[PDB]
Amino acid sequence: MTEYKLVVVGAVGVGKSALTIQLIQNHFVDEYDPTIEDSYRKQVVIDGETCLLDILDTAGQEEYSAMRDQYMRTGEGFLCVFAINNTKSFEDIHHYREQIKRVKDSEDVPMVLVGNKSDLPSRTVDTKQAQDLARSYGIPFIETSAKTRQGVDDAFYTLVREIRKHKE
Ligand SMILES: CN(C)C(=O)c1cc2cccc(F)c2o1
């Protein structure tokens, strides 16, 4: 039962903890609440491998400046959660990558690209754009709706896979 450090990254309004609450107790909150530091643990069987998920929710606001390259190193897998509602959240992911790369001390890294708010008719960015960008970094793109839990399960298992494939 291995514990993988899973940390989510994104902006305010995307719903990073939405995926976690949907997995822990399986509940979706309507009233968006800005989270600062929350830890979620649950025993899940990954492809037959019973593991313990040690997920940590990070702040979506750029408050921490000279304090990010501290706990960001302990993070194993990062969840690039963006929203198709606003392209701003899409470009925000880029900054996180640049930061993560310096913290990982390597060019390559096992990560996944997930597009939230896929169930909303407010599509500012298209699938091809996300797929195109994902192909450059060699990361898989999965559509994820936190409103009805669409693609969340798939994305979760795919992420853990990338981590295990990276080592084994
Ligand atoms: C109960 N949890 C989540 C921890 O003690 C932990 C710490 C931590 C730091 C960076 C990234 C992570 F995923 C992390 O998990």
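Each value, and the rule that gives it
- Residues numbered from 1 in each chain as written, not as in the entry; some residues may be left out.
- Heavy atoms only, no water.
- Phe/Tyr/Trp six-rings, centres within 6.5 Å; stacked < 30°, edge-to-face > 60°.
- Buried < 20%, exposed > 50% of the residue type's maximum accessible area, 1.4 Å probe, protein only.
- Helix = DSSP H or I, 4+ residues; strand = E, 2+ residues; numbered from the N terminus.
- Contact = heavy atoms within 4.5 Å.
- Near = heavy atom within 4 Å.
- Polar contact = N/O pair within 3.5 Å; in protein donor to acceptor, adjacent residues only side chain to side chain.
- Areas by Shrake-Rupley, 256 points an atom, 1.4 Å probe, with all protein chains shown as cover.
- Pairing = 2+ DSSP bridges.
- Axes fitted to C-alpha atoms, helices over the stretch in contact; angles between N-to-C directions.
- Salt bridge = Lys/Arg side-chain N within 4 Å of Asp/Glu carboxyl O.

Student: What is the right way to read the packing of aromatic side chains from this model?
Tutor: Aromatic ring pairs: the centre-centre distance and the angle between the two ring planes describe each pair. Using the criterion set out here, one finds three aromatic pairs in the structure. Pairing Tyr64 with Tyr71 gives two aromatic rings, centres 6.4 Å apart and planes at 75°, and the pair type is edge-to-face. Residue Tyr71 is classed as partly exposed on the basis of its relative accessible area of 29%. When the centroid spacing of 6.2 Å and the interplanar angle of 25° are considered together, the rings of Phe82 and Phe141 count as stacked. Within this pair, whereas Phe82 is found in strand β4 (residues 77-83), its partner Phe141 is found in strand β6 (residues 141-143), the two being separated by 59 residues in sequence. Here the aromatic cluster, defined as three or more aromatic residues joined through ring pairs, consists of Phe82, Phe90 and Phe141.

Student: Before we go on, may I ask you to explain the environment of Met72 in this structure?
Tutor: Positionally, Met72 belongs in the loop between α2 (68-71) and β4. With 28 residues separating them in the primary sequence, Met72 and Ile100 have C-alpha atoms 7.4 Å apart.

Student: What am I meant to see in the environment of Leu6 here?
Tutor: Within the fold, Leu6 resides in strand β1 (residues 3-9). For the pair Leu6 and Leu56, spaced 50 residues apart in sequence, the C-alpha separation works out to 6.3 Å. For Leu6, the contacting residues outside a window of four places in its chain are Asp54, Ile55, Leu56, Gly77, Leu159 and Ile163.

Student: Whenever I open this one, the site of the ligand confuses me. Can you help?
Tutor: Taken together, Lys5, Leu6, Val7, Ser39, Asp54, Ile55, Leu56, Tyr71 and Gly75 form the complete shell of residues around the ligand. Within the side chain of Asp54, an N or O atom sits 2.8 Å from an oxygen atom of the ligand. Relative to its unbound accessible area of 360 Å², the ligand is 77% covered by the protein chains. Going through the elements one at a time, β1 and β3 (49-57) are the ones with two or more residues in the shell around the ligand.

Student: Looking at this structure, I do not really get the pairing of β1. What am I missing?
Tutor: Side-chain positions along a regular strand alternate between the two faces of the sheet. Counting buried positions along β1 gives five out of seven residues, so the element sits mostly inside the fold. As paired elements, β1 and β3 share six bridges and run parallel to each other. Each bridged residue has a counterpart across the sheet, and for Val7 the counterpart in β3 is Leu56.

Student: So what exactly am I meant to see when it comes to the sheet that holds β1 here?
Tutor: Across a sheet, paired strands are connected by hydrogen bonds in the backbone, their directions being either parallel or antiparallel. Here we have six strands laid out as an open sheet, ordered β2-β3-β1-β4-β5-β6, and mixed in their pairing. Either end of the sheet is taken by a strand with one partner, and the two such strands are β2 (38-46) and β6. Between one strand axis and the next, the sheet turns by 25° as a mean value, whatever way the strands run. Sheet topology note: the β1/β4 ladder contains four bridges and is parallel. Bridge pairing in β4 links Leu6 to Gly77. Together, β1, β2, β3, β4, β5 (112-116) and β6 form the strand contacts of helix α5 (residues 152-167), whose direction differs from that of β1 by roughly 120°.

Student: Sorry if this is basic, but what is going on with the pattern of salt bridges here?
Tutor: Opposite charge on two side chains allows them to pair when their charged atoms are near. In the structure shown here, the tally under the stated rule is nine salt bridges. Its salt-bridge partner being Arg41, residue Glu3 comes within 2.9 Å of it at the nearest N-O pair. Within this pair, whereas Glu3 is found in strand β1, its partner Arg41 is found in strand β2, the two being separated by 38 residues in sequence. Residue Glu3 is classed as partly exposed on the basis of its relative accessible area of 38%. Residues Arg97 and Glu98 are paired through a salt bridge, measuring 2.6 Å at the closest nitrogen-oxygen approach. Taking the relative accessible area as the measure of exposure, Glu98 reaches 30% and is therefore partly exposed. Overlapping salt bridges bring together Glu3, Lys5, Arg41 and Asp54 as one network.

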